[PDB]
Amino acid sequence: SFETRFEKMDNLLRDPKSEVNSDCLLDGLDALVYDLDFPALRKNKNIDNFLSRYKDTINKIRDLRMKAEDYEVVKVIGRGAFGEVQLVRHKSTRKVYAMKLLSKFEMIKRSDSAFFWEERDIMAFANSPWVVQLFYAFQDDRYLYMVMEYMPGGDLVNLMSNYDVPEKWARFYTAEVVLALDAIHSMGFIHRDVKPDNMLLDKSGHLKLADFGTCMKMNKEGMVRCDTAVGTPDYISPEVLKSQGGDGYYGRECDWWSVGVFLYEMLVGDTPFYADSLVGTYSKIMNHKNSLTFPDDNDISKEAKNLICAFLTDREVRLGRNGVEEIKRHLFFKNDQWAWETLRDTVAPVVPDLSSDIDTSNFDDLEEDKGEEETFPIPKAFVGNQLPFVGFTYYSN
């Protein structure tokens, strides 16, 4: 077991999970230069001499390290209002990735400076077939960049658009979602916003989760709360809605609610709590006992109905509170086509036909930004606008 203090420090430098690993240490030096280098501050001798020594070296480094210009944008596949996701090709390696941008200016402006750490940890270290991998995370003074495996199948929102979905497809996406969720729960995170938008497909037609921006680390009892605004409460559980009003905390069972909702939308074509307005949808969720109706549209399966209803109940009696297993054993999941262990080796309901490695078919065209980039007021003293982003850099090796 024993290691010397020198050995231990060496491990800190080399460990991708360490915040003092070499790449993170360059980040600091970089940021510090960014934030110090200004005529006003250069009047300080310590600062002026320091920037003279290191700057020539800092230019070598900024030249050497990965950068936005190592990639060319093929297209824009999504917009998050903190930035865009865009299809890219690496110039030297020819390889094709999806790339998320985050505006540093926007983040300082609105706060929301701390929120991307969990997404980073998850996509970097999950090492799951159920989770989109981040290959590189790097940055400059303007932006964060997350370079991710591209998922040409598109999301489940697109799928529900182009296909009516039989219980046989539903069961399958549902099961994969169960697994990705469980994977994420086992790393100690609660996803907390689980939607068809966050479910994408690889060239095989298999599902991965993306967009972990809402994810929070659970503690001991496996609970959390965050202050975070949520676009639509369509898939959001009642106890999460209550929590936003200060009331209290909650556990991973909130994610199983979303899945209950996801199923209903796949079979029935509609969100169960759908209303013309946010307020209406909101009331309906809080009303869920009396507000949840199975369709005009059909009789659909006794078993499907029962799973959906088991997920869409109140949290204390809700399916999945006793763990993933009682979910897996639900009779809704019985079939001849796949078993839980073999699921990803099955052939998928929809296997994308793709013209090229650049095929955008399953995504909507994203027109343009072409907006003029906002800049900060020149510091009269040190404001450290780069500090929140220090240690973000990651290279998978």
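Heads up, when I say rigid core I mean the largest set of C-alphas that superpose within 1.5 Å between the two forms. Quick note: we count residues from 1 along the sequence shown, nothing fancier.
A.B. asks: Which is farther from the shown form in 9 other deposited structures of this protein in C-alpha RMS with the core fitted, 139-147 or 171-179?
C.D. replies: If we average over structures and residues in 9 other deposited structures of this protein, the farther stretch is 139-147.
A.B. asks: Would you mind working out which of 123-131 and 278-286 sits farther from this form in 9 other deposited structures of this protein by RMS C-alpha distance, with the rigid core as the fit?
C.D. replies: This comes out as 278-286, the stretch further from the shown form in 9 other deposited structures of this protein.
A.B. asks: Looking at the other compared entries that model residues on both sides of it, is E372 unmodelled in at least a third of them?
C.D. replies: Counting only entries that model residues on both sides, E372 is unresolved in at least a third of them.
A.B. asks: According to the deposited model, is the average Cα temperature factor higher in 113-121 or in 247-255?
C.D. replies: Higher of the two, by average CA B-factor, is 247-255.
A.B. asks: Tell me which stretch has the larger mean Cα B-factor in this entry, 177-185 or 153-161.
C.D. replies: For C-alpha atoms only, the mean B-factor is higher in 153-161.
A.B. asks: For the listed residues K302, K208, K195, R142, which one has the largest C-alpha B-factor as given in the deposited model?
C.D. replies: Within the set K302, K208, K195, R142, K302 shows the top C-alpha B-factor.
A.B. asks: Quiz for you: based on the deposited Cα B-factor, which of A126, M286, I77, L201 is highest?
C.D. replies: Of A126, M286, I77, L201, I77 has the highest C-alpha B-factor.
A.B. asks: By the record's CA B-factor, is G260 among the lowest, middle or highest third of residues in the chain?
C.D. replies: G260: CA B-factor falls in the lowest third of its chain.
A.B. asks: Using only modelled residues of the chain, where does the Cα B factor of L343 rank: lowest third, middle third or highest third?
C.D. replies: Within its chain, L343 is a middle-third residue by C-alpha B-factor, going by the deposited values.
A.B. asks: Comparing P39 with the other modelled residues of its chain, is its CA B-factor in the lowest, middle or highest third?
C.D. replies: Lowest third.
A.B. asks: Taking only the Cα B-factors deposited for this chain, tell me whether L354 sits in the lowest, middle or highest third.
C.D. replies: As the PDB entry reports it, the C-alpha B-factor of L354 lands in the highest third of its chain.
A.B. asks: Would the CA B-factor of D234 place it in the lowest, middle or highest third of its chain?
C.D. replies: Middle third.
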